[PDB]
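Scroll down for the structure; my scribbles are underneath it.
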Amino acid sequence: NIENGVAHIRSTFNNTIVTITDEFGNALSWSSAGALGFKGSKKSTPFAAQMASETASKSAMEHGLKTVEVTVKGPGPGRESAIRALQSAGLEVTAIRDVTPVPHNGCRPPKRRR
Amino acid sequence: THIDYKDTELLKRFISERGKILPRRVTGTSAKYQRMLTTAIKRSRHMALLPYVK
Amino acid sequence: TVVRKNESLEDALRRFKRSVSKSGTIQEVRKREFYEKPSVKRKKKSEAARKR
Amino acid sequence: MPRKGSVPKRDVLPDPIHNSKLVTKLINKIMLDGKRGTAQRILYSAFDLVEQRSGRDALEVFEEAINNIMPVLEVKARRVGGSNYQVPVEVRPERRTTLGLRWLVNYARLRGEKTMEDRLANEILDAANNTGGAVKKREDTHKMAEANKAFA
Amino acid sequence: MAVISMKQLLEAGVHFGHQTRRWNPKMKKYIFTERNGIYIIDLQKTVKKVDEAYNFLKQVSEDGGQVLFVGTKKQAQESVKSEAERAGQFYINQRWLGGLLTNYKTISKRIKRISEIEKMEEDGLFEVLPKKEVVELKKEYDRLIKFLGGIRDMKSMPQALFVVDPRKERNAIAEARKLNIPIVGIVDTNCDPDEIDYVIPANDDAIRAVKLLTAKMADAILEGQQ
RNA sequence: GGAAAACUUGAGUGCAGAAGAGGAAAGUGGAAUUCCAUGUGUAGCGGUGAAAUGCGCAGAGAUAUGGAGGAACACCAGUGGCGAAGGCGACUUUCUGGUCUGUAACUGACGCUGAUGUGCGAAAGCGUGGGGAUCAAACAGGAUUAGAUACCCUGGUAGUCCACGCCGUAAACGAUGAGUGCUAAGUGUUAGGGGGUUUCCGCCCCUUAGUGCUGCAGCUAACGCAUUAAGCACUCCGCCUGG
C-alpha cells in the first residue's frame, strides 16, 4: 500500500475535484475546492487547484502512497494547474493520462443556452 | 488492389495514435482508397484486431 | 495515455499539452456542450471546411 | 499626452544637506500650499530627533524606514464586470518610490502631538522599527492583494 | 522494439542514393530502383541489415570493448560527436590523421602530450615563459584537440569501427582490414561494400539520414553494457 | 395528316466493367448517458453574471468492478456520394430499385409532355398497443428585472423511439416545371475510362457523366445569371394579372 496509486482529477467548468486512490481504485483520500472555503464561482480557477491537490495528497497519511501517475477526466480551467501543484507536494508524477469520457455520438445533449 | 481486413500491419499505419482514423488530408491517399479502407478498418475493429480507443 | 519520465514535471506537461491538442477531446466536448440543430452543424462543418 | 504615448518625466534637484534626491521629494510632499521654507524647516527639525533617538545619521535611517513602507503588490482594477475586478499587480519602481512617501506623510498627520517637529519623526522611527501606522497598512495591502491571488 | 519502423526510416530520407552515371555495380543488391537519375535504396532489405548491425554491436559492448566512431563528411561532422558522448565512445570529427590505428605508437606518444600539456599550464611553469612561446604552446594545444580531440581518453586499440562513408574515409578502412578489426558503416551508391563486413545501406548526403540512423547504432551499445 | 415500305442517331434491350449514408428485413458490436446492486472512502455535490431551489451523514458526489435498459452511431466526414422529392451516416448477411462508363450484337420512332386519376411525402400531430435512456412543450419551484407568463437554474408529463393504420401540410427553397438541341474560356473535385509515366503506388498526363468556384457574348428593372442560364430556340403542363 506504500508508494503505489492512481490520482484522479476531473476539473469541470466548476469545482475542480481530486480523489487519490491506490492502483486498484479504492479512494484513499479526496478533497475539493468547496472543502477549502471556496463557496461558489471561485472554484473555477487554477488557483483553486493550487491548494486542492496537495490537501488530499498530503492528508492521505494512511499508507504513505507517495507516487500518483495522475489521470485527467475533465475539461476545466484548472486542468494542468492541478498537476503542476502536485509537485508542490512532490509525489513523482510519472504517467499523465487524459482519460475523459468522449461519446461515439450516443445520447442527446441538452438544449442550447440563450 | 483491395484492402483485406486481416492485413493488420498496412491497416494500422492508418489508425491514429489513440485508435481514431487519420483523414486522407493528412495521410494522402485517394478518394476510393480511403472509403475502401474505412470498411476494412471497421470490420477489424469488430473482431478485435484493432481497438476503438487505446 | 503517454508515459513521460526521466525529466521534470514542467517538461512532461509540454508533451501532454500537445498530446491533448492533437486529439478529439477538447474540441469534441466543446462541441457537445449543447445540442445543436441537425441542419446547423452541416453549415458549421461547412464553415469549418471552406475556410480550411 | 497620455494617449499619444508616455509623458516625458522630468528631473529633480537633490538636497544640499543629506545630498539626496529622496529628501527633496519628501520636502515637496510635505509642502502644504506651496510654502517651501516653512515645510523644509520642519523636516530639518524632524530628523534631528531621529538622530537624537538613534545614534545613526538619518540618511541611513530614512531609506531604512521607507523599506517597511513600500509594498511589493497592489491592486489595479480591471473592468471585467461580474468578476472580482481586482487584479494583484506588482509595483513599477517609480510608483514604488512615490507610494512609500505618500503613506509616510498621510499617517504622520494623524498622531497625538500637534507639531510636525515630532509628528513626522515618531512615525519614521516606527517605520525604522517596522511598526506604527504607516507600516500596518502595507500589511493591510498585503492581506488584501495577497488574499485575492486568483488573478496573478 | 527491435528495428526502426518503416515510417520514420524513410521520413529521414535514407531511400535516396547518389546519381545514376555515378554508380557502383556491386550495390545492385541494395537498390530498389532509380527515379530521375537518382537510385532508390531497397528499404525493406536495409531493415534486414540494420537489425544485423544491431545484433553484434549489442554484444561487442557486452565484452567491454571500445567502438570507434569516425565522421568527416562536412554535413555529418558533428552528428557523430554528440552520439559518441551519449555512447561514451571515442569520436573523430576532423580528417584522419594518417596512422592513428596503425602507427599509434607515435600517436599515443602525443596522446601522452595532451594528458601533459594541459597539466603544464594549470600549475606553474607558465609565468617564466616568453609571451609568444605561450602562443605556440597553446597553438599546439588546440591543434591536438582538433584532430585527436575524441581520442583524448583512448589509450588502446579499438575492437570495432563505425564509419559514415567508406569513400571519403578510405584511409581508415584500409587500416581496419590490416588489423582484422570488424567494420560496420553507412554505404550507398559510390561505395564499395566489399571492404565493409557489416553493411548498412542508407543515404549519406542528408543530416536526418545520418542522425536518425547513427543514433540507434550509438544507442546499440548502451543496453549491451547492462 | 392517311396508307404501304426503308433507315439508324432518339428510345430501349444485350455483352463487359464500375461507384454508392438508395430502400426493406433480420442479426452483431463498442464508447457514452441514466438507474440499480456492491467494494473502498468523507463532507459537501450541483449550478450561475452572482446565488438559491434541488441532492447528501438512512453514506451523496468522486473512484473501481459487475448488471439492466433505451437511444444514437465519435474518428473516417469532404462546397463528397446516392435518391424523383422528403431524405439517407456503426457493422454483417439476405431480398431489391436506379444511375454512369465502354463495346457495338440486336429491336426499328417503340419518343416527349401529361389535365382527371393514382401513389410517395420532414417535423409536429391523432388512433390502437408497446417501450420509456437522454432530451423536453405544458406544469412546479428558486433567482434576475423597473416589471413577467420571457431569458437563466433545479425538477418534470405528453412527445422524442418501435409496430400498424391515419393525417398530406413546411422558407417542402436552386424562392427557378419537364424534355431536347445549340452558344468564349479558366479552374477544383467525384466514379471512372484510359493513358504516358510509374510510385515503392507515386504521380503527372488526355476521356462520359456528376458536382462546385470564377468569367465573355447575350440577357436583366437592378442585383445578378452565365454549357448545372435567369443566353438563343421548339414542344407540353402548372400558374399570375393592383393592395
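Identifiers for the C-alpha cells are assigned positionally: chains receive A, B, ... in sequence, residues are indexed from 1 per chain, and ligands are indexed from 1 in the order shown.
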For this session: Using only C-alpha atoms, select each residue of chain B with any atom at most 12 Å away from an atom of chain A, and give the selection as a ChimeraX atom specification.
Result: /B:18,20,52-54
Which residues of chain B sit at most 8 Å from chain F, using only C-alpha atoms (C1' of nucleotides)? Give each one's shortest atom pair and distance in Å (one decimal place), in chain and ascending residue order, as CSV.
residue,atom,partner,partner_atom,distance
B:20,CA,F:75,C1',4.6
B:21,CA,F:75,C1',5.1
B:22,CA,F:76,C1',7.1
B:23,CA,F:76,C1',6.3
B:38,CA,F:76,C1',6.5
B:42,CA,F:91,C1',7.2
B:43,CA,F:91,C1',6.7
B:46,CA,F:29,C1',6.2
B:52,CA,F:30,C1',7.0
Problem set entry | Counting only C-alpha atoms (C1' of nucleotides), chain D residues within 9 Å of chain F, as a ChimeraX atom specification | /D:81-83
For this session: For residue 16 of chain C, please output as a PyMOL selection string all residues within 8 Å (counting only C-alpha atoms (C1' of nucleotides); exclusion window: fewer than 3 positions along the same chain).
Result: (chain A and resi 96) or (chain C and resi 2+12-13+19-20)
Could those residues be written to a file, using N, CA and C atoms, as an mmCIF file, in the first residue's frame?
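That gives us selection-v7.cif:
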data_model
loop_
_atom_site.group_PDB
_atom_site.id
_atom_site.type_symbol
_atom_site.label_atom_id
_atom_site.label_comp_id
_atom_site.auth_asym_id
_atom_site.auth_seq_id
_atom_site.Cartn_x
_atom_site.Cartn_y
_atom_site.Cartn_z
ATOM 1 N N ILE A 96 0.932 10.679 -17.021
ATOM 2 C CA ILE A 96 -0.214 11.572 -17.121
ATOM 3 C C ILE A 96 -1.114 11.077 -18.243
ATOM 4 N N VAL C 2 0.261 8.692 -22.606
ATOM 5 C CA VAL C 2 1.691 8.596 -22.869
ATOM 6 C C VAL C 2 2.444 8.770 -21.558
ATOM 7 N N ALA C 12 7.184 17.300 -18.935
ATOM 8 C CA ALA C 12 6.154 16.320 -19.265
ATOM 9 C C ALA C 12 4.835 17.000 -19.603
ATOM 10 N N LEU C 13 4.608 18.202 -19.064
ATOM 11 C CA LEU C 13 3.433 18.985 -19.431
ATOM 12 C C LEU C 13 3.508 19.446 -20.881
ATOM 13 N N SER C 19 -0.162 16.589 -26.736
ATOM 14 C CA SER C 19 -0.759 15.270 -26.916
ATOM 15 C C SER C 19 -2.242 15.261 -26.579
ATOM 16 N N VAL C 20 -2.783 16.397 -26.147
ATOM 17 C CA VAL C 20 -4.214 16.585 -25.986
ATOM 18 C C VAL C 20 -4.780 17.480 -27.083
#
For this session: Do me a favour and pick out the residues of chain B within 12 Å of chain E, using only C-alpha atoms, as a VMD selection string.
Result: chain B and resid 9 to 10 12 to 14 27
Problem set entry | DSSP alpha helix (DSSP H) residues within chain B, listed as a VMD selection string | chain B and resid 8 to 11 24 to 27 31 to 41 43 to 46
For this session: Using only C-alpha atoms, select each residue of chain D with any atom at most 10 Å away from an atom of chain A, and give the selection as a PyMOL selection string.
Result: chain D and resi 83-84+148-152
